[PDB]
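To keep things clear, I will list the structure first and then write my remarks on it.
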Amino acid sequence: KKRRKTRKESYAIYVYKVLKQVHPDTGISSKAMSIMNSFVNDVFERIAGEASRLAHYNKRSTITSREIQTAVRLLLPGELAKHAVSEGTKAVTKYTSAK
Amino acid sequence: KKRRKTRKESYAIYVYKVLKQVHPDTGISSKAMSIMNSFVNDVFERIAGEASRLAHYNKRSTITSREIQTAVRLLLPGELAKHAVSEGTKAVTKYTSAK
Amino acid sequence: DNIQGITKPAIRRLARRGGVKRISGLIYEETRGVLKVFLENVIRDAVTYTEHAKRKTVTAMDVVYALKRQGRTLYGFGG
Amino acid sequence: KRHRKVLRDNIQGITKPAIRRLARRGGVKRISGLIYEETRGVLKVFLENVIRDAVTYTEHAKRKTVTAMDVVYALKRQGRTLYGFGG
Amino acid sequence: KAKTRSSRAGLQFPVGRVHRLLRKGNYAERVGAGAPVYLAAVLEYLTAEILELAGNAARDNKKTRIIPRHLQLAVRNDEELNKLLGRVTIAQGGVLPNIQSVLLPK
Amino acid sequence: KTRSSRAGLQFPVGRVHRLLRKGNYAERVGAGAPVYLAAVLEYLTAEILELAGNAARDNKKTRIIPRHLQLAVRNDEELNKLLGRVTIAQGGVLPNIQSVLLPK
Amino acid sequence: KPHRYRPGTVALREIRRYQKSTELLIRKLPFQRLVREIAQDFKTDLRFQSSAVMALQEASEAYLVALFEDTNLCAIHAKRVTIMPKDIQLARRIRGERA
Amino acid sequence: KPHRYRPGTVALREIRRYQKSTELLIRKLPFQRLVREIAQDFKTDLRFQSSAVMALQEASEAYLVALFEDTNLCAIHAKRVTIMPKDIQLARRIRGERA
DNA sequence: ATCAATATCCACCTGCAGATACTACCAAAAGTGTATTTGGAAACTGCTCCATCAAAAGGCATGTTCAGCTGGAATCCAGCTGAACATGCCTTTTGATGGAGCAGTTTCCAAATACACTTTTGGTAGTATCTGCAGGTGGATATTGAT
DNA sequence: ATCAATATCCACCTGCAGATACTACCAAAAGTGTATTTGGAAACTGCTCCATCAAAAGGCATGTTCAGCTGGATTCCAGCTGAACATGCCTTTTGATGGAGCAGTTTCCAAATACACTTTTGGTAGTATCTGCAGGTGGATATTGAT
Ligand SMILES: [Mn+2]
Ligand SMILES: [Mn+2]
Ligand SMILES: [Mn+2]
Ligand SMILES: [Mn+2]
Ligand SMILES: [Mn+2]
Ligand SMILES: [Mn+2]
Ligand SMILES: [Mn+2]
Ligand SMILES: [Mn+2]
Ligand SMILES: [Mn+2]
Ligand SMILES: [Mn+2]
Ligand SMILES: [Mn+2]
Ligand SMILES: [Mn+2]
Ligand SMILES: [Mn+2]
Ligand SMILES: [Mn+2]
Ligand SMILES: [Mn+2]
Ligand SMILES: [Mn+2]
Ligand SMILES: [Mn+2]
Ligand SMILES: [Mn+2]
Ligand SMILES: [Mn+2]
Ligand SMILES: [Mn+2]
Ligand SMILES: [Mn+2]
Ligand SMILES: [Mn+2]
Ligand SMILES: [Mn+2]
Ligand SMILES: [Mn+2]
Ligand SMILES: [Mn+2]
Ligand SMILES: [Mn+2]
Ligand SMILES: [Mn+2]
Ligand SMILES: [Mn+2]
Ligand SMILES: [Mn+2]
Ligand SMILES: [Mn+2]
Ligand SMILES: [Mn+2]
Ligand SMILES: [Mn+2]
Ligand SMILES: [Mn+2]
Ligand SMILES: [Mn+2]
Ligand SMILES: [Mn+2]
Ligand SMILES: [Mn+2]
Ligand SMILES: [Mn+2]
Ligand SMILES: [Mn+2]
Ligand SMILES: [Mn+2]
Ligand SMILES: [Mn+2]
Ligand SMILES: [Mn+2]
Ligand SMILES: [Mn+2]
Ligand SMILES: [Mn+2]
Ligand SMILES: [Mn+2]
Ligand SMILES: [Mn+2]
Numbered sequence: 028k029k030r031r032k033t034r035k036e037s038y039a040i041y042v043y044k045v046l047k048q049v050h051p052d053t054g055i056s057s058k059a060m061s062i063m064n065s066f067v068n069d070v071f072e073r074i075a076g077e078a079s080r081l082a083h084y085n086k087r088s089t090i091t092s093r094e095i096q097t098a099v100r101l102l103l104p105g106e107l108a109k110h111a112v113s114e115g116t117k118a119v120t121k122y123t124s125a126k
Numbered sequence: 028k029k030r031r032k033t034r035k036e037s038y039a040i041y042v043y044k045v046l047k048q049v050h051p052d053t054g055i056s057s058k059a060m061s062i063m064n065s066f067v068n069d070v071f072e073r074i075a076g077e078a079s080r081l082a083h084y085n086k087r088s089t090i091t092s093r094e095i096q097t098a099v100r101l102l103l104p105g106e107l108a109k110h111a112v113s114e115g116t117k118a119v120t121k122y123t124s125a126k
Numbered sequence: 025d026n027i028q029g030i031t032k033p034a035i036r037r038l039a040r041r042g043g044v045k046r047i048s049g050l051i052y053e054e055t056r057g058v059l060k061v062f063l064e065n066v067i068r069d070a071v072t073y074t075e076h077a078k079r080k081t082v083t084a085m086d087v088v089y090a091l092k093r094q095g096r097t098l099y100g101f102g103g
Numbered sequence: 017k018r019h020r021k022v023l024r025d026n027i028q029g030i031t032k033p034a035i036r037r038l039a040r041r042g043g044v045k046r047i048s049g050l051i052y053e054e055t056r057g058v059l060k061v062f063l064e065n066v067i068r069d070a071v072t073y074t075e076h077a078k079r080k081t082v083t084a085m086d087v088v089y090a091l092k093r094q095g096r097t098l099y100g101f102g103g
Numbered sequence: 014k015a016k017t018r019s020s021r022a023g024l025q026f027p028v029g030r031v032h033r034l035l036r037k038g039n040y041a042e043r044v045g046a047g048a049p050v051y052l053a054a055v056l057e058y059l060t061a062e063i064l065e066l067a068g069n070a071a072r073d074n075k076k077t078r079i080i081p082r083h084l085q086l087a088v089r090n091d092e093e094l095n096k097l098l099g100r101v102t103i104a105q106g107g108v109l110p111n112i113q114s115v116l117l118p119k
Numbered sequence: 016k017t018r019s020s021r022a023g024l025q026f027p028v029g030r031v032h033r034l035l036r037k038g039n040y041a042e043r044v045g046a047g048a049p050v051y052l053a054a055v056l057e058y059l060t061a062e063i064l065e066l067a068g069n070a071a072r073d074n075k076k077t078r079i080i081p082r083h084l085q086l087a088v089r090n091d092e093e094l095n096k097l098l099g100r101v102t103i104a105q106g107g108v109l110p111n112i113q114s115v116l117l118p119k
Numbered sequence: 038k039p040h041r042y043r044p045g046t047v048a049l050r051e052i053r054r055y056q057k058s059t060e061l062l063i064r065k066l067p068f069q070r071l072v073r074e075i076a077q078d079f080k081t082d083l084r085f086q087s088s089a090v091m092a093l094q095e096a097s098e099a100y101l102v103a104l105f106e107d108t109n110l111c112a113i114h115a116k117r118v119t120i121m122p123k124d125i126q127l128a129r130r131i132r133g134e135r136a
Numbered sequence: 038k039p040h041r042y043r044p045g046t047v048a049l050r051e052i053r054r055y056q057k058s059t060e061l062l063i064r065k066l067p068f069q070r071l072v073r074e075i076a077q078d079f080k081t082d083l084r085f086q087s088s089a090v091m092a093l094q095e096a097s098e099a100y101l102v103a104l105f106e107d108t109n110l111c112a113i114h115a116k117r118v119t120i121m122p123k124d125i126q127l128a129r130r131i132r133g134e135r136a
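Residue numbers (UniProt numbering), protein chains in the order written: chain Z, 28 to 126; chain F, 28 to 126; chain Y, 25 to 103; chain S, 17 to 103; chain G, 14 to 119; chain X, 16 to 119; chain P, 38 to 136; chain A, 38 to 136.
This is how it looks when you write it as structure tokens:
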């Protein structure tokens with residue numbers, strides 16, 4: 028049963044997981060889930076597109092986490108940027124100190 | 028020849044050629060040429076960028092003259108588009124007929 | 025009809041959502057002409073994406089991408 | 017031999033006559049008295065935003081000098097594309 | 014497959030998917046290891062913020078299922094999310110209750 | 016024989032082709048893409064220098080300067096939309112005073 | 038005396054009602070007719086996913102609803118409380134839609 | 038006896054003059070100090086290429102000039118010929134710069 | 001209508017900043033020519049979902065009446081703001097300076113891509129059961145607008 | 001002030017769309033090991049250009065005075081737009097059936113990449129000389145505003 032299955036992937040299940048951590052007793056409708064899927068795709072494209080630009084400006088071929096960071100600063104409103112940087116630095120730390 | 032300053036490319040000689048074609052007795056100031064240069068880079072990034080997006084939307088790994096053409100239709104307005112499309116097709120046709 | 029199918033009560037309900045209390049009688053023609061210009065602009069772009077993909081169906085994606093490049097991004101139909 | 021005097025209140029260097037001239041290019045005939053302080057506020061916000069981004073580019077490139085390209089890229093991303101200064 | 018990169022990074026967002034999406038993205042010739050980790054964390058963070066606020070919006074309305082309307086109230090009542098999403102339309106979100114005071118009786 | 020002359024173009028095909036790869040717009044660039052793009056770039060360059068040239072002739076000058084570019088763009092409906100969000104350094108604005116502002 | 042509401046009382050009542058709901062405010066079919074007719078000018082013999090037509094309606098309504106907010110500001114600016122075409126015209130010009 | 042132009046006449050004379058020229062209208066040095074003052078509040082020990090300062094000035098003047106056009110449209114809408122802060126405010130609210 | 005103060009026009013001019021012209025050099029660009037690999041067009045078709053009916057069911061638009069209250073015209077006057085003037089200072093311009101820091105060139109390795117290989121997982125599909133909340137009811141009470 | 005007419009609200013209720021749960025299955029995703037490559041950090045340093053200084057001088061800012069005319073307030077009324085009510089015509093729905101055509105799949109070749117070697121060129125650089133026009137003058141004609 029593989030035929031009519033061009034995998035249409037989305038962030039929906041990962042959105043769902045994060046939901047349960049912040050509001051364990053709250054559900055979310057399909058249309059709402061669709062909004063969130065669009066949200067994550069949008070922010071992804073904005074952030075990555077911006078990091079791409081940074082790399083080209085500086086004559087580099089690698090999108091590193093430094094490019095993701097600067098992009099975040101340039102694109103997120105003040106305080107929302109501060110927290111995002113914090114979450115990002117945090118996860119790039121734990122990842123390194125791991126196996 | 029001071030430790031060769033890495034070369035900086037522009038469209039100036041090209042803009043200049045076209046200028047002599049439309050106004051054989053007219054000069055252009057170097058500030059003006061700087062604007063023209065920005066103009067040509069601006070339009071290049073806008074067209075190639077739309078093209079890039081087109082390709083992705085249709086799961087295509089190749090930017091063809093077809094992608095550039097749609098980009099031109101999407102990006103330019105009315106009569107500019109009709110003529111641009113026309114000079115594009117003509118040029119491509121001429122090019123493939125050679126050899 | 026057609027454009028005239030976008031009715032006075034419809035426009036009024038819109039305006040109300042926009043917080044409008046009192047509406048001049050000529051607002052209805054101005055609005056219709058405004059809606060038509062919006063749709064042409066968007067549909068042109070959507071149909072252009074449609075032609076490109078060699079389809080005969082305008083798809084939600086075609087509309088969503090047209091909206092994105094007119095700087096009117098829409099969330100909810102990106103399936 | 018090393019200087020750098022304190023910089024303060026340079027917004028007042030956007031003088032009443034400079035603002036008047038700008039309004040004229042803008043086709044403005046008559047100007048209320050409170051416009052001047054309002055315009056200074058509006059310029060300050062515009063410059064902060066362009067500079068914040070401009071300096072973000074500079075720092076990222078690990079430079080100590082803001083370039084014309086820094087400012088030009090800062091302008092493009094806020095959708096005020098500037099021609100005439102490179103790129 | 015030993016441990017997922019997401020568990021390594023301590024995240025619920027698919028690091029591997031983000032990595033892959035960067036490559037096929039044609040964003041750059043290459044991709045650092047840390048970059049999709051950072052990006053995934055950022056996306057996860059931003060998702061949490063909206064769901065948190067939209068969750069609150071569901072409580073205030075005596076509901077336990079988030080619907081579009083709730084995402085619209087969450088985003089528009091928040092200065093920072095509202096700016097980030099300033100050129101975005103959330104379908105079936107409606108608008109915020111707002112009447113210009115000069116239109117009020119007497 | 017250059018690709019430009021082979022396509023009948025003043026604008027440099029090889030360079031456009033090269034910039035298309037450097038820019039990371041897609042995994043592949045087909046042969047016709049740069050030729051078409053060089054054709055469009057040359058056509059727009061041409062259309063704006065035509066109109067700027069006239070603006071220059073209208074002010075009794077032989078050298079195009081930024082004012083002339085600005086005049087050409089703003090006085091042309093289509094270039095005006097294409098460059099609607101663009102600022103041309105040293106261009107100034109169009110002579111234009113609103114009616115209610117004139118005396119009688 | 039039969040019962041009557043002062044002019045503008047029901048207007049307020051409706052502003053409060055419609056700012057509470059999210060349902061679409063143009064009837065579905067006339068809209069669809071409109072869409073199909075406009076598209077016919079760009080390409081004959083078209084078909085539309087039903088979700089495609091829904092996207093246009095959402096976008097159109099959100100567009101007109103926000104234009105009315107701005108238009109209202111323009112009327113109020115001229116010390117009126119009645120929106121007029123010149124209010125729509127001014128809002129669109131300042132947005133860069135006319136300009 | 039001593040000659041006087043009526044109020045508004047020199048004003049119109051200046052509109053014609055300023056719309057005909059292209060030179061910058063804020064003085065160079067005071068504008069430079071403003072840029073350095075604002076910059077240094079973001080980051081110390083920064084330097085500026087001079088054409089970087091020119092770039093900010095050209096941008097800032099294009100911005101303000103276009104704002105005054107919009108402001109002027111708002112005044113006229115209110116049946117005045119005098120621009121007031123509420124006209125600048127309404128223009129910025131409609132442009133999406135404010136709310 | 002006359003007349004006088006002043007701006008605006010344009011022909012005329014001259015310095016010089018910027019534009020232009022030559023040679024000379026060469027690192028990078030561009031073209032050429034084979035070898036190797038593959039994107040995606042082509043044809044065929046299965047199955048999703050789109051256009052089109054029929055068919056009440058009524059919710060919603062339309063047309064009309066009537067008057068409240070808003071927009072716009074007209075009238076006035078206080079003082080805000082433009083024009084002109086005097087005074088002089090700080091920007092502008094020109095030229096010189098040490099030196100910070102940008103940017104070129106070379107060496108070199110931590111980290112990327114490339115490829116094979118095993119294991120895992122998110123998406124689809126089928127079938128079954130569960131539940132949050134729209135939409136109905138009733139009755140309380142708040143709002144509005146007439147006395 | 002009273003008191004009626006409607007709207008709006010809250011508590012409670014029940015069907016069902018849409019959410020949830022389990023199971024089977026499976027490509028393509030992801031991890032992992034190991035062979036090769038290279039991007040761009042480090043270090044050293046050449047050479048552009050930024051900050052700074054000096055001095056001079058006049059273009060332009062500042063501050064004032066004076067009164068013209070604009071904005072802002074007030075009044076007034078004709079008429080446009082809201083409210084309500086009565087028709088009835090069309091949108092909605094929902095179900096049910098062709099069949100267009102989107103999307104899966106397999107086949108294969110024209111065209112893209114990789115690569116090597118050979119040629120061509122646009123950018124820089126150095127040095128030397130034209131030229132379009134900004135800015136100055138002077139005198140003529142046009143616009144403004146007091147009578
Ligand atoms: Mn929580
Ligand atoms: Mn009634
Ligand atoms: Mn400071
Ligand atoms: Mn003469
Ligand atoms: Mn000179
Ligand atoms: Mn293949
Ligand atoms: Mn393929
Ligand atoms: Mn075949
Ligand atoms: Mn009456
Ligand atoms: Mn009134
Ligand atoms: Mn009024
Ligand atoms: Mn007053
Ligand atoms: Mn005088
Ligand atoms: Mn001087
Ligand atoms: Mn140093
Ligand atoms: Mn690193
Ligand atoms: Mn699973
Ligand atoms: Mn309910
Ligand atoms: Mn009841
Ligand atoms: Mn009672
Ligand atoms: Mn109650
Ligand atoms: Mn009760
Ligand atoms: Mn139900
Ligand atoms: Mn169901
Ligand atoms: Mn079960
Ligand atoms: Mn794989
Ligand atoms: Mn290397
Ligand atoms: Mn390297
Ligand atoms: Mn080393
Ligand atoms: Mn002084
Ligand atoms: Mn007088
Ligand atoms: Mn007076
Ligand atoms: Mn006085
Ligand atoms: Mn007045
Ligand atoms: Mn009356
Ligand atoms: Mn009237
Ligand atoms: Mn009247
Ligand atoms: Mn078929
Ligand atoms: Mn296909
Ligand atoms: Mn082809
Ligand atoms: Mn080979
Ligand atoms: Mn050459
Ligand atoms: Mn010579
Ligand atoms: Mn001159
Ligand atoms: Mn003179």
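By construction, the Cβ of each residue, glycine as well, lies at the ideal position given by its N, Cα and C atoms.
{"query": "Whole-Å CB distance - residue 91 of chain Y paired with residue 66 of chain Y, under 8 Å assumed", "result": "6 Å"}
{"query": "Candidates Z/67, Z/110, Z/38 and Z/98: closest to residue 78 of chain Z by CA position", "result": "Z/98"}
{"query": "Residue 77 of chain X - DSSP class collapsed to helix/strand/coil", "result": "coil"}
{"query": "Inter-residue spacing [alpha-carbon to alpha-carbon] between residue 112 of chain X and residue 43 of chain S", "result": "6 Å"}
{"query": "Whether residue 67 of chain Z touches residue 84 of chain G by CB criterion (7 Å)", "result": "no"}
{"query": "Proximity winner among P/86, P/94 and P/95, relative to residue 79 of chain Y (alpha-carbon distances)", "result": "P/86"}
{"query": "Neighbour-count burial assignment, residue 58 of chain P, 16 or more Cβ in a 10 Å radius", "result": "exposed"}
{"query": "Residue range of the unbroken alpha helix (DSSP H) whose run includes residue 119 of chain F", "result": "105 to 124"}
{"query": "Contacting residues, own chain, Cβ-Cβ under 8 Å from residue 109 of chain X (five flanking each side not counted)", "result": "86, 89 and 90"}
{"query": "Chain A within 7 Å of residue 128 of chain P, Cβ atoms only", "result": "yes"}
{"query": "Proximity to residue 29 of chain G [Cα-Cα], best of G/38, G/39, G/17 and G/23", "result": "G/17"}
{"query": "Closer than 7 Å to chain A by CB, residue 65 of chain S", "result": "no"}
{"query": "For residue 75 of chain A, three-class secondary structure by DSSP", "result": "helix"}
{"query": "Distance CB(residue 25 of chain G)-CB(residue 45 of chain Z) smaller than 7 Å", "result": "yes"}
{"query": "Run of the alpha helix (DSSP H) containing residue 131 of chain P, from where it starts to where it stops", "result": "122 to 131"}
{"query": "Cutoff 7 Å: residue 131 of chain P Cβ touching any chain A Cβ", "result": "yes"}
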